[PDB]
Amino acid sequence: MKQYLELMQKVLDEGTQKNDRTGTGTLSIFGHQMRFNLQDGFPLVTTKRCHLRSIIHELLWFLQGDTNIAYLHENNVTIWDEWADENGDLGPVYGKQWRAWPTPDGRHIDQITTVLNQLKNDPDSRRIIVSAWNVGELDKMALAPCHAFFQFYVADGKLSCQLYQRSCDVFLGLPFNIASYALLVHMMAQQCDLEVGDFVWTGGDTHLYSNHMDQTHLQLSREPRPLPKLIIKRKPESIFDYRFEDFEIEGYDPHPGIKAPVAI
């Protein structure tokens, strides 16, 4: 995509060399923002083939409140294997925080449902937020949330969403992250009878790993194809009732895939 490819070029143009947790090395910039008008098409990267099956399943898994990779495994998704323990557990990550953030007084807050109720009864609210950044539970998580905070907004009957990603692996992570959230916005809009607005992405430490340089330049030499279209074939009773089969992506003609190593 145009915005995505411009971000890569920017990282290469004004990024600083930084050492990191993984010990790989990164080219990095701090602070960036880009907007995607969902009415223009589904933002799935076309300059390289993306695996939508894994994106959809991870999202349904998040919405279930699940943090064990069993579900992902029976659906042949292995993107989370490197961080899970002997029992397949990842700790109180995304899924748990979204559906059951623990309060100090013994309660548990379902942020997804509260957001659904806000979009319906108080769409003008400036507090329609979901956070995965639970300071008091970070030590129990296999990995600290990258996409850790997001806010919804309604205007002219359209639903918008802004995500704050503290750490961003521009080559591997980002294409997955954008499609993941664009899909959630579509599901939320269908449940609240709203049209799709903009998906605004904001990043903290936006980086490109040292071992992804050749792949990055290979992708940059490609011209983006027209954005695919998302067709939802059903309207479930709840946001938690979607199935993989309810989604149809048409007009997706990408450039060949480019393989790259993940930094654990």
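Rigid core (definition): largest C-alpha set, two forms, superposition within 1.5 Å. Start at 1 and count along the sequence shown; that's the residue number.
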Once the rigid core is matched, which of the two stretches, 59-67 or 22-30, lies farther off on average in 4 other deposited structures of this protein by C-alpha?
-> 22-30
Going by the entry, of stretches 14-22 and 240-248 the one with greater average Cα B-factor is 14-22
Which is higher in the entry, the mean Cα B factor of 209-217 or that of 64-72?
-> 209-217
C-alpha B-factor winner, where the candidates are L174, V135, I128, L143 = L143
Sorting the chain's modelled residues by C-alpha B-factor and splitting them into thirds places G31 in the middle
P224: CA B-factor among chain residues, third -> highest
Chain third (lowest, middle, highest) by recorded CA B-factor, residue given as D110 | lowest
For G95, the third of its chain into which the C-alpha B factor falls = lowest
Using the B-factors in the PDB entry, rank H57's C-alpha atom against the chain and give the third, lowest, middle or highest.
-> lowest
